[PDB]
Every structure is written in C-alpha cells, then in structure tokens.
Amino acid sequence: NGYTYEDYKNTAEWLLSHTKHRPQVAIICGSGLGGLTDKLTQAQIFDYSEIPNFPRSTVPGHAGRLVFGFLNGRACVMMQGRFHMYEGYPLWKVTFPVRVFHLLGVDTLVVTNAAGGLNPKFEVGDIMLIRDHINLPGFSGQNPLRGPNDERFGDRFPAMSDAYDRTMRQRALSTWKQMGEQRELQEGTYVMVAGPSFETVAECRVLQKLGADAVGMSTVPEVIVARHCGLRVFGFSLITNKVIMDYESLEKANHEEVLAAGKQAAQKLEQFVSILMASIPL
C-alpha cells in the first residue's frame, strides 16, 4: 500500500477546508448511473485530478469527479466514475476514496454497478439488491486490506457475513412497493471477477454453480474497506445483460449493450436511490 495514514488524513482535511459541505452518505455510481449527480442540489464539483493523493485517471472516459451536495434530505458525496482493478490500479488505490469518505464523516456507503445476470430468472433492466457477495479475487490475495492493518481504521480480521445492511435491504424492498413497478425488486449474490474480458460459457457455468446471481468487475473491494471502517453498506446491480449459458446461442456480451441498458433503466435507478435516501438513518 503506497498510502500512509497521513495521506488519507491530508486528503480528507483538504476536502473539508475546500467545501462547507459535510457528507453523511457516500454514493459510488456504477457504469451508466452517473446521472445521479444531476439530482443533487447545492452541488459542488471537484475533479479527482485536483484532489491530493487521488488516483489520477488514465484514459477511460476522462471523467472523474467528486460531487458534494444534498440528495432528497441527505448530505451526500458522489463518485461519478470509479476505479477498477482491470485498469491496472492496485486495490489500495481503487478503495482509497472509501477511507477518505470515512474521515470526512460519512457513515453510509451506497454502491451501484452494472452486471451480467447469472440467475436464469433475471432480465435486462432488472435491478438486483445485493444480499451477499463472492469475492474470487480476494480468495487468491487480491483483497484491499492486504498489508499491515492500521488500528485507526479497523481490525485485522474484519467479518463480512453481515456486510450488506439487513435493515436497508428490507426498507429497499418496502420502498420498491411504493414504486408499484411492473417487475419485482430482485435480490441475490454478486460475484466479482477481475475482467476486463467477459466470461466464456464454461466460466458462466462455474459462477452459476458457485451460487452467484450477478457478475461484475467491481464493488466488492469498496464494500470490504467500508465495512472495515464501520460504514453502513447498501447497494445493487443493474442487470444490463444475461450472460450466455449455452453454446448454441449466437450472441455476445458487449460494452455497447451494457451502456444501452444503462441508458434505458437509467432514471429508474436514480429515482429509487433518491427516494431511498429518506430511508437512511442519521
């Protein structure tokens, strides 16, 4: 880990003295869900590039910003554009923001991402609540906590079985009723794989048999660092595609389609998140 405790502190303090805003809820917008930034009011934007110690983006979409503001009654901070392991970032960089949020005073982290559906029942457009995750990179060593533990943040061996807030998932199921939507609010296990290439059929079968419902290339690292911090954690996946499970099918998962789905069910996710803010304690 290239960051000392001081680096996290210096970054937090810089931010605190450059905005009057004091966030409680941190929101990490996944792929094609950065729209949420438009719904904040009293919005103050910061480019990642101007924030000391922040991972400087390579050349994905060149858009990397921290937006502070209010979202339906909650003092928020949103990450529009997140860091991925597949881009070459070591996990201690990918999750660097999460620890900054904590020192800013945040106590809740909402994570969203786009993911392939592994559960045969899921459909494009569906929203899946995350009850649990399978951290494959973590089993092998790619765990954001690897390295000396800093007592100031958390314990050496933090538990994850209770990572996804029970209370918030229920209130999420509740709130969805108010939406009175056509489809139900899905719920299941999220499995992380490093990517950046998509799964083969054999690989999809594996992920299925392991009990995963959706597959993505992010999130788990941030969740683990959050929990290690004491942050409350809630999140969901936008099923942008149904991974191929048979060899007969003549279709391929492509970024084009993912973004497309990200465009359709776009504001559908944003609403849910904005409303759910009221369901978050203080």
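We call the rigid core whatever largest set of C-alpha positions still superposes within 1.5 Å between the two forms. We number the residues from 1 along the sequence you see.
Engineer: Using the rigid core for superposition, please say which stretch has the greater CA deviation in 4 other deposited structures of this protein, 187-195 or 79-87.
Structural biologist: Stretch with the higher C-alpha RMS distance in 4 other deposited structures of this protein: 187-195.
Engineer: C-alpha RMS from this form in 4 other deposited structures of this protein, rigid core superposed: larger for 177-185 or 99-107?
Structural biologist: Comparing 99-107 with 177-185, the one that moves more in 4 other deposited structures of this protein is 177-185.
Engineer: Identify the stretch, either 45-53 or 218-226, whose C-alpha atoms have the larger mean B-factor according to the entry.
Structural biologist: Higher of the two, by average CA B-factor, is 45-53.
Engineer: Return whichever of 172-180 and 188-196 has the greater mean Cα B factor according to the PDB record.
Structural biologist: That would be 172-180.
Engineer: Kindly indicate the residue among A26, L250, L66, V233 with the greatest C-alpha B-factor in the PDB record.
Structural biologist: That would be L250, according to the entry.
Engineer: Using the temperature factors in the entry, find which of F139, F122, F96, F101 has the highest value at its Cα atom.
Structural biologist: Of the candidates given, the C-alpha B-factor peaks at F122.
Engineer: Quick check for you: using the entry's CA B-factors within this chain, is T112 in the lowest, middle or highest third?
Structural biologist: CA B-factor rank for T112: lowest third.
Engineer: Splitting the chain's C-alpha B-factors into thirds, which one does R152 fall into?
Structural biologist: Middle third - that is where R152 ends up once the chain's C-alpha B-factors are sorted.
Engineer: Taking the entry's C-alpha B-factors for this chain, is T167 in the lowest, middle or highest third?
Structural biologist: Its C-alpha B-factor belongs to the highest third of this chain's values.
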